[PDB]
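What follows is a short report on a single structure.
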Amino acid sequence: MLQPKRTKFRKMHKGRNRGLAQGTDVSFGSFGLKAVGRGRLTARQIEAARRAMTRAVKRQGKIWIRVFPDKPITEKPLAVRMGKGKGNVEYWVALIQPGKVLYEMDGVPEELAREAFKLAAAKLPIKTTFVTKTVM
Amino acid sequence: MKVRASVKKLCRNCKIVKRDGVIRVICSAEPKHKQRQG
Amino acid sequence: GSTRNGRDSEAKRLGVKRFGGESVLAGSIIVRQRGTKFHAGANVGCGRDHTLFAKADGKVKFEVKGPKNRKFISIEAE
RNA sequence: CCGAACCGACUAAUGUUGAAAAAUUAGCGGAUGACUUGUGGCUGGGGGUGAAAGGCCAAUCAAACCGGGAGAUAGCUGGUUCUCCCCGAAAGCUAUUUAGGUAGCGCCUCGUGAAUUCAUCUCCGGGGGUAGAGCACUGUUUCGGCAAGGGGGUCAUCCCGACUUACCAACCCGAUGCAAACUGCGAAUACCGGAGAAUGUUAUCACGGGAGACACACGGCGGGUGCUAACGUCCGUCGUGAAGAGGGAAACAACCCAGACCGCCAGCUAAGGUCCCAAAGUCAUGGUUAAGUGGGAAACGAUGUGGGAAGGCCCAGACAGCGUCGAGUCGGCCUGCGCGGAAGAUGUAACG
RNA sequence: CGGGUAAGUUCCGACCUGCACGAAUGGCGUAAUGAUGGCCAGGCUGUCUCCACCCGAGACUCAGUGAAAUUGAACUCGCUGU
RNA sequence: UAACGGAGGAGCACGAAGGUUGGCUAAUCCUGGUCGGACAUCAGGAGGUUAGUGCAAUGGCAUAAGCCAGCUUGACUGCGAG
RNA sequence: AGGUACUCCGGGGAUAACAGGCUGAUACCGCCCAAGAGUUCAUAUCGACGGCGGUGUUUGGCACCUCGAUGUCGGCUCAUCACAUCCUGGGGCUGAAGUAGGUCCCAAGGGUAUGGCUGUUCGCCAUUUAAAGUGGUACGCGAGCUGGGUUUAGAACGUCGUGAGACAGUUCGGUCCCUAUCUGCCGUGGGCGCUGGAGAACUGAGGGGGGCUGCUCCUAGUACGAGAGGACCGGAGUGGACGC
Ligand SMILES: [K+]
Ligand SMILES: [K+]
Ligand SMILES: [K+]
Ligand SMILES: [K+]
Ligand SMILES: [K+]
Ligand SMILES: [K+]
Ligand SMILES: [K+]
Ligand SMILES: [K+]
Ligand SMILES: [K+]
Ligand SMILES: [K+]
Ligand SMILES: [K+]
Ligand SMILES: [K+]
Ligand SMILES: [K+]
Ligand SMILES: [K+]
Ligand SMILES: [K+]
Ligand SMILES: [K+]
Ligand SMILES: [K+]
Ligand SMILES: [K+]
Ligand SMILES: [K+]
Ligand SMILES: [K+]
Ligand SMILES: [K+]
Ligand SMILES: [K+]
Ligand SMILES: [K+]
Ligand SMILES: [K+]
Ligand SMILES: [K+]
Ligand SMILES: [K+]
Ligand SMILES: [K+]
Ligand SMILES: [K+]
Ligand SMILES: [K+]
Ligand SMILES: [K+]
Ligand SMILES: [K+]
Ligand SMILES: [K+]
Ligand SMILES: [K+]
Ligand SMILES: [K+]
Ligand SMILES: [K+]
Ligand SMILES: [K+]
Ligand SMILES: [Mg+2]
Ligand SMILES: [Mg+2]
Ligand SMILES: [Mg+2]
Ligand SMILES: [Mg+2]
Ligand SMILES: [Mg+2]
Ligand SMILES: [Mg+2]
Ligand SMILES: [Mg+2]
Ligand SMILES: [Mg+2]
Ligand SMILES: [Mg+2]
Ligand SMILES: [Mg+2]
Ligand SMILES: [Mg+2]
Ligand SMILES: [Mg+2]
Ligand SMILES: [Mg+2]
Ligand SMILES: [Mg+2]
Ligand SMILES: [Mg+2]
Ligand SMILES: [Mg+2]
Ligand SMILES: [Mg+2]
Ligand SMILES: [Mg+2]
Ligand SMILES: [Mg+2]
Ligand SMILES: [Mg+2]
Ligand SMILES: [Mg+2]
Ligand SMILES: [Mg+2]
Ligand SMILES: [Mg+2]
Ligand SMILES: [Mg+2]
Ligand SMILES: [Mg+2]
Ligand SMILES: [Mg+2]
Ligand SMILES: [Mg+2]
Ligand SMILES: [Mg+2]
Ligand SMILES: [Mg+2]
Ligand SMILES: [Mg+2]
Ligand SMILES: [Mg+2]
Ligand SMILES: [Mg+2]
Ligand SMILES: [Mg+2]
Ligand SMILES: [Mg+2]
Ligand SMILES: [Mg+2]
Ligand SMILES: [Mg+2]
Ligand SMILES: [Mg+2]
Ligand SMILES: [Mg+2]
Ligand SMILES: [Mg+2]
Ligand SMILES: [Mg+2]
Ligand SMILES: [Mg+2]
Ligand SMILES: [Mg+2]
Ligand SMILES: [Mg+2]
Ligand SMILES: [Mg+2]
Ligand SMILES: [Mg+2]
Ligand SMILES: [Mg+2]
Ligand SMILES: [Mg+2]
Ligand SMILES: [Mg+2]
Ligand SMILES: [Mg+2]
Ligand SMILES: [Mg+2]
Ligand SMILES: [Mg+2]
Ligand SMILES: [Mg+2]
Ligand SMILES: [Mg+2]
Ligand SMILES: [Mg+2]
Ligand SMILES: [Mg+2]
Ligand SMILES: [Mg+2]
Ligand SMILES: [Mg+2]
Ligand SMILES: [Mg+2]
Ligand SMILES: [Mg+2]
Ligand SMILES: [Mg+2]
Ligand SMILES: [Mg+2]
Ligand SMILES: [Mg+2]
Ligand SMILES: [Mg+2]
Ligand SMILES: [Mg+2]
Ligand SMILES: [Mg+2]
Ligand SMILES: [Mg+2]
Ligand SMILES: [Mg+2]
Ligand SMILES: [Mg+2]
Ligand SMILES: [Mg+2]
Ligand SMILES: [Mg+2]
Ligand SMILES: [Mg+2]
Ligand SMILES: [Zn+2]
């Protein structure tokens with residue numbers, strides 16, 4: 001479960017999630033799993049998809065995770081009223097915009113990369129698509 | 001019969017067929033593979 | 001529970017009071033600032049809290065000058 | 001001690017606009033005693049009396065009743081009576097033993113006075129650090145390279161050290177992201193100032209008479225909070241309701257169209273509509289859908305069906321069927337409309 | 001834990017881990033007494049299984065007398081929605 | 001420009017830590033050097049403010065507002081266009 | 001500086017407790033992916049790490065309705081609907097030999113315990129049953145009954161407090177009103193209509209009631225099975241509960 005080792009501040013404004021992604025090319029491997037939709041990826045989701053990916057290729061090749069969950073999310077406990085300060089940090093997310101390459105793979109055939117990425121996408125709350133490296 | 005939202009070919013002998021507006025999987029080899037979408 | 005925050009200070013109404021081209025009388029405050037984001041040019045003084053004020057009547061003029069590309073405010077006699 | 005009179009009042013039913021403002025009926029306790037009863041007397045209201053329940057003191061008791069101070073006070077609730085004409089708010093800021101009160105200011109009205117005073121647009125002069133972007137800085141982040149060093153070991157071991165890494169690797173170099181409290185960049189708008197025309201019943205400013213108001217609501221946009229929950233909550237800004245009728249959205253303050261001086265059995269339009277209820281096209285032309293989809297919903301599933309650009313194989317005979325057979329075949333991509341996924345309580349009931 | 005019951009969050013007897021008993025704002029016992037609180041049994045039964053019939057007083061009809069609370073105005077239906 | 005929104009501080013200090021004149025320039029690391037070590041003082045180099053600021057944070061600061069020294073009391077009184 | 005449950009007045013649904021509403025985090029019920037378990041075998045049956053919905057049933061959030069009053073928990077009486085089905089009916093798959101099960105689909109016609117304890121709802125226990133369903137209806141039902149519990153005034157214990165007093169701690173005691181106008185519902189008449197009047201017998205648009213099930217025997221100790229055991233389908237009899 002990824003999570004910043006330390007941060008300047010404990011809590012963060014909700015913010016919004018507009019725009020298209022930066023980092024839309026396969027930059028490290030040969031195959032990538034790219035986001036088509038918009039949303040949040042929790043650290044548990046990122047890790048559940050990593051495990052499914054890694055078991056499918058029998059821990060061969062190499063896998064990059066291009067996203068990191070650096071945004072803390074707070075929640076108010078059950079049976080607590082409104083007010084009395086911001087809630088407690090409960091988990092961490094990465095904000096995803098369309099076009100974001102989420103994972104990359106190398107050192108395996110394309111057919112196996114497609115199958116491994118399919119099993120991973122089934123763990124994620126956002127629609128995705130399989131991409132390959134381009135020369136330009 | 002398996003009643004699922006996701007019905008698929010489970011072996012090379014499974015066949016997809018649509019009967020009266022319902023997607024079904026019928027298999028000549030394995031009765032366990034019979035499915036209907038629902 | 002309760003919060004350990006909840007404090008703030010009153011707003012200080014800093015900023016530019018007379019913009020470029022405005023005609024001012026001597027003594028008029030042109031900008032209030034913490035430290036010298038703007039520097040005093042011709043016919044402008046710098047107060048003890050770094051307020052820039054007109055030392056003559058005329059028109060406000062902003063310009064970037066010098067080796068550090070610093071911003072200066074001067075008064076053009078009109 | 002048992003049990004009538006007499007004195008009580010434990011249980012039940014009735015009664016509850018009663019026969020009764022505490023009873024009746026059937027049962028119940030005491031019944032020679034700290035008993036019960038007649039007549040008369042005494043104790044007086046912060047006072048009496050009390051085998052003590054704040055009990056009782058004339059159907060009244062945590063301070064009786066009557067009269068007076070007296071029209072106590074009531075920042076609270078209610079109510080406030082004839083007509084027409086003109087204008088027309090606010091539900092904010094600051095302070096408050098203040099928060100549903102009040103005061104000054106803002107906003108309304110009436111009056112007087114004074115400047116091309118004010119607004120819109122165009123052009124000119126300005127500051128900016130938001131959106132976006134970026135990663136030198138502050139932090140955070142992944143991969144590779146280099147590697148001080150560190151650790152784990154093989155010897156050596158007095159001091160040395162010699163090697164080796166499951167190794168960890170900072171620094172630096174290259175590549176990838178992230179930030180409300182990061183910025184070597186940086187808009188649109190908004191705002192301040194100047195100039196110019198046209199338009200506007202001075203729309204601006206000052207002073208003076210009179211206020212009301214200081215519970216706001218929903219909708220759009222930018223946000224904090226909450227669960228990017230709430231017809232939730234807290235700001236900014238615009239609109240409407242409030243204080244605004246008419247037409248539309250079946251019905252529906254706050255949405256869409258639009259601002260009702262009065263009369264008309266005239267005409268043109270807006271939003272929204274034109275088969276019948278119900279005013280107006282059963283209009284014209286070309287397509288799509290077969291689900292009553294239209295007229296409720298997701299991940300995901302599928303030879304539904306329309307369109308498009310490529311590709312593989314194929315009369316040197318493909319694909320399916322069983323060497324035969326003789327004309328197409330296969331599966332990706334993108335895209336339009338549909339299908340499953342789809343269970344709720346009075347009655348169809350998710351096109352009025 | 002034991003007893004009682006086919007079955008017992010109550011009851012009785014114990015144990016002591018007394019949240020938070022305890023010695024005249026008394027401790028522990030106690031015959032007798034109590035319209036006092038809890039539990040068990042015999043008798044008894046319309047309490048109940050499960051109600052039936054009957055006798056009276058009302059209710060109902062006729063004659064006489066004759067109230068009440070309440071009440072913006074009513075030509076005062078169901079459903080589903082708003 | 002609000003919230004029982006997110007984070008930190010103050011209720012002082014200083015007759016010099018104030019005035020002025022003259023002068024000066026940081027952190028960190030590397031190399032060599034008695035005791036001396038990761039880190040003392042010395043020398044050179046790299047570096048270029050990554051330091052400093054009486055105390056939070058922000059905006060500033062090299063002409064320094066940072067560091068050192070001499071002389072000093074302008075930490076003056078009355079006023080004040082704007 | 002405190003207490004008031006001995007209490008009192010003026011106000012507020014500007015503001016809480018009940019029920020409604022909005023919401024759906026939580027809860028419950030579906031589904032998607034398939035790590036694995038299952039000798040082998042992901043999918044008979046379970047389904048880790050994660051993903052997507054539905055309901056409005058839980059615990060909550062909000063404070064929109066009611067503070068010139070919308071009576072509470074449980075029991076009793078009487079119900080009515082939904083279906084996510086407890087029984088009975090129909091079916092697919094099974095790691096289904098049979099008997100008996102597991103799981104999923106269809107199905108709401110009818111049916112769906114009595115007792116001991118406790119105020120209980122619940123729960124545990126005893127003994128039944130084909131079964132002893134899950135929810136909605138102001139957590140259905142007090143102008144229908146009860147009043148054991150909660151929640152006035154009396155009293156006591158433990159505990160807290162100097163004290164008055166206090167405690168979703170405990171303990172004993174403690175007033176439940178209403179003659180029905182309207183809607184609704186169960187019954188029962190009067191009026192007029194239906195086209196001359198009258199006495200009868202009808203047709204049947206439409207509406208309502210009813211719809212449960214055990215055990216034994218035969219088939220047959222047959223099919224099935226190594227045995228143990230033991231059927232489908234079909235037929236006969238006799239009961240329980242309910243109704244006339
Ligand atoms: K006497
Ligand atoms: K007294
Ligand atoms: K009297
Ligand atoms: K008195
Ligand atoms: K005021
Ligand atoms: K005025
Ligand atoms: K003009
Ligand atoms: K401008
Ligand atoms: K950076
Ligand atoms: K707004
Ligand atoms: K208006
Ligand atoms: K339809
Ligand atoms: K005493
Ligand atoms: K004694
Ligand atoms: K007694
Ligand atoms: K006794
Ligand atoms: K000095
Ligand atoms: K000096
Ligand atoms: K008091
Ligand atoms: K009391
Ligand atoms: K939901
Ligand atoms: K919902
Ligand atoms: K589902
Ligand atoms: K109320
Ligand atoms: K029910
Ligand atoms: K069944
Ligand atoms: K079955
Ligand atoms: K049924
Ligand atoms: K009981
Ligand atoms: K219980
Ligand atoms: K209720
Ligand atoms: K009652
Ligand atoms: K009740
Ligand atoms: K009622
Ligand atoms: K009525
Ligand atoms: K029927
Ligand atoms: Mg933003
Ligand atoms: Mg400030
Ligand atoms: Mg007495
Ligand atoms: Mg008597
Ligand atoms: Mg006696
Ligand atoms: Mg006696
Ligand atoms: Mg007196
Ligand atoms: Mg008392
Ligand atoms: Mg009296
Ligand atoms: Mg008094
Ligand atoms: Mg007086
Ligand atoms: Mg008076
Ligand atoms: Mg007007
Ligand atoms: Mg004060
Ligand atoms: Mg008030
Ligand atoms: Mg940005
Ligand atoms: Mg202008
Ligand atoms: Mg106020
Ligand atoms: Mg206000
Ligand atoms: Mg407001
Ligand atoms: Mg908004
Ligand atoms: Mg908001
Ligand atoms: Mg609101
Ligand atoms: Mg909202
Ligand atoms: Mg008003
Ligand atoms: Mg209107
Ligand atoms: Mg209208
Ligand atoms: Mg209308
Ligand atoms: Mg016309
Ligand atoms: Mg018409
Ligand atoms: Mg539809
Ligand atoms: Mg669909
Ligand atoms: Mg229905
Ligand atoms: Mg026991
Ligand atoms: Mg027992
Ligand atoms: Mg005992
Ligand atoms: Mg004691
Ligand atoms: Mg004691
Ligand atoms: Mg003693
Ligand atoms: Mg004592
Ligand atoms: Mg004592
Ligand atoms: Mg005693
Ligand atoms: Mg006695
Ligand atoms: Mg009569
Ligand atoms: Mg404001
Ligand atoms: Mg404000
Ligand atoms: Mg100097
Ligand atoms: Mg100095
Ligand atoms: Mg008491
Ligand atoms: Mg009162
Ligand atoms: Mg509520
Ligand atoms: Mg609720
Ligand atoms: Mg309210
Ligand atoms: Mg509100
Ligand atoms: Mg209500
Ligand atoms: Mg009323
Ligand atoms: Mg009522
Ligand atoms: Mg069903
Ligand atoms: Mg039916
Ligand atoms: Mg039938
Ligand atoms: Mg008994
Ligand atoms: Mg009992
Ligand atoms: Mg109820
Ligand atoms: Mg119920
Ligand atoms: Mg009732
Ligand atoms: Mg009654
Ligand atoms: Mg009681
Ligand atoms: Mg009593
Ligand atoms: Mg009653
Ligand atoms: Mg008749
Ligand atoms: Mg029927
Ligand atoms: Zn198959």
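Chain labels run A, B, ... following the order of the structure tokens; each chain numbers its residues from 1, and ligands are numbered from 1 in the order shown.
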Item to check | Long-range neighbours of residue 80 in chain E as a ChimeraX atom specification, 10 Å cut-off, only C-alpha atoms (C1' of nucleotides), 2 positions minimum in chain | outcome: /D:347-349
Next on the checklist: Show me, as a ChimeraX atom specification, every residue of chain A with an atom at most 6 Å from chain G, counting only C-alpha atoms (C1' of nucleotides).
Outcome noted: /A:45,48,79,122-125
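Between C1' of residue 17 in chain D and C1' of residue 68 in chain E there is a distance of 5.8 Å.
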Kindly provide the residues of chain C that approach chain D to within 9 Å, each paired with its closest atom pair and their distance in Å to one decimal, based on only C-alpha atoms (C1' of nucleotides), listed by chain and increasing number, as JSON lines.
```
{"residue": "C:15", "atom": "CA", "partner": "D:127", "partner_atom": "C1'", "distance": 8.9}
{"residue": "C:16", "atom": "CA", "partner": "D:127", "partner_atom": "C1'", "distance": 6.8}
{"residue": "C:17", "atom": "CA", "partner": "D:192", "partner_atom": "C1'", "distance": 8.2}
{"residue": "C:18", "atom": "CA", "partner": "D:192", "partner_atom": "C1'", "distance": 7.2}
{"residue": "C:19", "atom": "CA", "partner": "D:126", "partner_atom": "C1'", "distance": 5.2}
{"residue": "C:20", "atom": "CA", "partner": "D:126", "partner_atom": "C1'", "distance": 4.1}
{"residue": "C:21", "atom": "CA", "partner": "D:125", "partner_atom": "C1'", "distance": 5.4}
{"residue": "C:22", "atom": "CA", "partner": "D:193", "partner_atom": "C1'", "distance": 5.2}
{"residue": "C:23", "atom": "CA", "partner": "D:193", "partner_atom": "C1'", "distance": 8.3}
{"residue": "C:61", "atom": "CA", "partner": "D:126", "partner_atom": "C1'", "distance": 8.5}
{"residue": "C:62", "atom": "CA", "partner": "D:126", "partner_atom": "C1'", "distance": 8.0}
```
Go ahead and save the picked residues with N, CA, C and O atoms, as a tab-separated table (two decimals), in the first residue's frame.
```tsv
chain	number	residue	atom	x	y	z
C	15	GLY	N	-1.60	46.84	-0.29
C	15	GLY	CA	-1.70	46.81	-1.73
C	15	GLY	C	-1.52	48.18	-2.35
C	15	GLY	O	-1.19	49.16	-1.68
C	16	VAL	N	-1.78	48.24	-3.64
C	16	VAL	CA	-1.58	49.47	-4.40
C	16	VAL	C	-2.79	50.37	-4.21
C	16	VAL	O	-3.93	49.96	-4.40
C	17	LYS	N	-2.53	51.61	-3.82
C	17	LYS	CA	-3.59	52.58	-3.62
C	17	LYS	C	-3.79	53.50	-4.81
C	17	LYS	O	-4.92	53.90	-5.09
C	18	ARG	N	-2.72	53.83	-5.53
C	18	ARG	CA	-2.79	54.67	-6.72
C	18	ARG	C	-2.06	53.97	-7.86
C	18	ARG	O	-0.88	53.66	-7.74
C	19	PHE	N	-2.77	53.70	-8.95
C	19	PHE	CA	-2.21	52.92	-10.04
C	19	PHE	C	-1.54	53.83	-11.06
C	19	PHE	O	-1.58	55.05	-10.96
C	20	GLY	N	-0.90	53.21	-12.04
C	20	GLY	CA	-0.12	53.94	-13.02
C	20	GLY	C	-0.91	55.01	-13.74
C	20	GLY	O	-2.05	54.78	-14.14
C	21	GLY	N	-0.33	56.20	-13.87
C	21	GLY	CA	-0.98	57.30	-14.54
C	21	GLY	C	-1.85	58.17	-13.68
C	21	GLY	O	-2.28	59.23	-14.14
C	22	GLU	N	-2.14	57.78	-12.44
C	22	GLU	CA	-3.02	58.56	-11.59
C	22	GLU	C	-2.32	59.81	-11.08
C	22	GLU	O	-1.15	59.77	-10.69
C	23	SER	N	-3.05	60.92	-11.06
C	23	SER	CA	-2.53	62.18	-10.54
C	23	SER	C	-2.69	62.21	-9.03
C	23	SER	O	-3.78	61.98	-8.50
C	61	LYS	N	4.12	56.50	-11.85
C	61	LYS	CA	4.74	55.74	-12.92
C	61	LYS	C	5.46	54.52	-12.35
C	61	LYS	O	6.32	54.66	-11.49
C	62	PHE	N	5.11	53.34	-12.84
C	62	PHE	CA	5.80	52.10	-12.48
C	62	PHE	C	6.82	51.77	-13.56
C	62	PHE	O	6.55	51.94	-14.74
```
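Pairwise distance (atom 1 (Mg, counted along the ligand's line) of ligand 37, CA of residue 44 in chain A) equals 27.0 Å.
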